[PDB]
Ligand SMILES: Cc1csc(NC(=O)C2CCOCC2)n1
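Take a look at this single chain in structure tokens; it is the form solved without the ligand.
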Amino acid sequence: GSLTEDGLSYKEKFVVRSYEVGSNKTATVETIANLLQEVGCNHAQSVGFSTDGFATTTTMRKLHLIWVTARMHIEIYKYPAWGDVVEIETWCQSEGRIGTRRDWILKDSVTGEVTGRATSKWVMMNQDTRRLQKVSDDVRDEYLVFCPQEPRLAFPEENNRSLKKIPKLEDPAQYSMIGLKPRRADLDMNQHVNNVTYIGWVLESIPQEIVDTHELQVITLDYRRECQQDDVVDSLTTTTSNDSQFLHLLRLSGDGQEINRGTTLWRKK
């Protein structure tokens, strides 16, 4: 991987692995999401930022401030086959005092065609108290020199899916997967649950017949609260719809405290 010519974006190529593919012999959405986080991490490293998945400056580290994912939106047209090379280009953009946005474009290395796209919203938070705060000007300047100043949107469209409000699923859920717990492989270098695990947990309540006859086209996931290593999660899904649409809810098995909410769109193979 490497920063592009203008130094305002980063590219990397990946060869799809045998254990990374599903029943269709193509990469899973979790393999895609892992690769987006890998290229994001390599972009933060190439310009001197922290690499613990929080992209902090030395100023943020002194104040115990971290960047956290508030929302992830992924759209896949073609899942890469096992052995195929996929090229991912990523860039970051300031969104004023709200926070930052990281975008991705996935391409087939052989054909050069866009096979997927992704966007994510990040907010600034105190690591310890979990309190959010708007971006200060002194912090803003530190990351602005690594971002394109004119807008560069992976999802340009006037009324696009990446910015839609997601409602809260009402009981009773149509489908559910109960008692999900993270194991050590689900944790990162800081012992926090990897954001990709929550995508997996959301998809666990999708019936196997949907997975067997459809392909996941869009996934929009909102992150409300972090699941701790010793927490237990319930995954809930209700059909909202040729295409199939679902409404999702991840909450703690006990008190029913919401950790995530999202939507998925599937297309018949």
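Position 1 is the first residue in the sequence shown; the rest follow in order.
The protein also exists as the form deposited with the ligand bound; that form is not presented, and the subsequent description refers to it.
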(message) Taking any heavy atom pair closer than or equal to 4.5 Å as contact, tell me whether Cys41 reaches the ligand in the bound PDB entry.
(response) yes
(message) Does any part of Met72 reach within 4.5 Å of the ligand in the bound PDB entry? Heavy atoms only, please.
(response) yes
(message) Although the partner isn't part of this model, could you tell me whether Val233 comes within 4.5 Å of the ligand in the bound PDB entry, counting any heavy atom of the residue?
(response) no
(request) Determine whether any heavy atom of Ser244 comes within 4.5 Å of a heavy atom of the ligand in the bound PDB entry, and answer yes or no. (result) no
(message) Quick one: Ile105, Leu153 and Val218 and the ligand in the bound PDB entry, is every residue within 4.5 Å by at least one heavy atom?
(response) no
(request) Scan 21 to 42 and note down the residues that get a heavy atom within 4.5 Å of the ligand in the bound PDB entry; none is a fine answer too. (result) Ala33, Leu36, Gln37, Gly40, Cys41
